[PDB]
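Colleague: Quick one: experimental structure and sequence below.
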Amino acid sequence: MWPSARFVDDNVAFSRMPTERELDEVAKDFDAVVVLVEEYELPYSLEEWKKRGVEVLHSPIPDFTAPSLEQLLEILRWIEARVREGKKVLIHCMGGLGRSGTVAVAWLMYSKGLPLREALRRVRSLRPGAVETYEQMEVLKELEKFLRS
């Protein structure tokens, strides 16, 4: 396996951004990637995934910002669809902590129904520093309120 990835369940992992040298490595282990980095901060084209048969969701979140609740729901629904297909999914931004950790926390709440406080603790046990900003925490609170409705 690609040990930079940390799995929050059997199918979904989060990590820092794979370099071009790591693409075949990640493609061996994952069938889909959620790319949270802006295109202009990529060192290769996302066509690199397509030539390897890996499905791509490109839903960028600017550095040090939170996704909207609607953006987070779109990403969650897409991860669920790949997982239902039996695929393994890698979530990544650049650093592997803030934006990717937020989506990882959201996935646990969304898929397992975990409360925010436990999902947060889980992901930070995996990667200390995950979910970096107040806005990232706040969209996770909004997601929780959404889900409990």
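Modeller: Now that the structure is in, tell me what you want to look at. Numbering: from 1, shown residues only.

Colleague: now the helices for this structure?
Modeller: Secondary structure of the chain (DSSP state H): helices at 23-29, 47-51, 69-84, 98-112, 116-126, 134-148.

Colleague: By neighbour count, which bits of the fourth one are buried? Give me those.
Modeller: To tie it back to what came earlier, the one meant is helix 98-112. Buried residues in helix 98-112, counted by 16 or more other CB atoms under 10 Å: 98-111. C-beta coordinates here come from the backbone N, C-alpha and C atoms, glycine included.

Colleague: Can I get these in TSV including distance to residue 49?
Modeller: As requested, the buried residues of helix 98-112 are exported to TSV (distance: CB to CB, whole Å):
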residue	distance to residue 49
98	22
99	18
100	16
101	22
102	22
103	17
104	20
105	24
106	22
107	20
108	25
109	27
110	24
111	23
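
Colleague: need the contact list for residue 140.
Modeller: 102, 105-106, 109, 116, 119-120, 131 (CB atoms under 8 Å, 6 or more residues apart in numbering).

Colleague: In CSV: those, plus distance to residue 1.
Modeller: Below are those laid out as CSV (distance: CB to CB, whole Å):
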residue, distance to residue 1
102, 23
105, 22
106, 23
109, 25
116, 28
119, 23
120, 25
131, 24
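
Colleague: dump the residue contacts of residue 92.
Modeller: 14-18, 33-37, 100.

Colleague: gap between it and residue 47?
Modeller: Counting by CB to CB, to the nearest Å, the gap from residue 92 to residue 47 is 17 Å.
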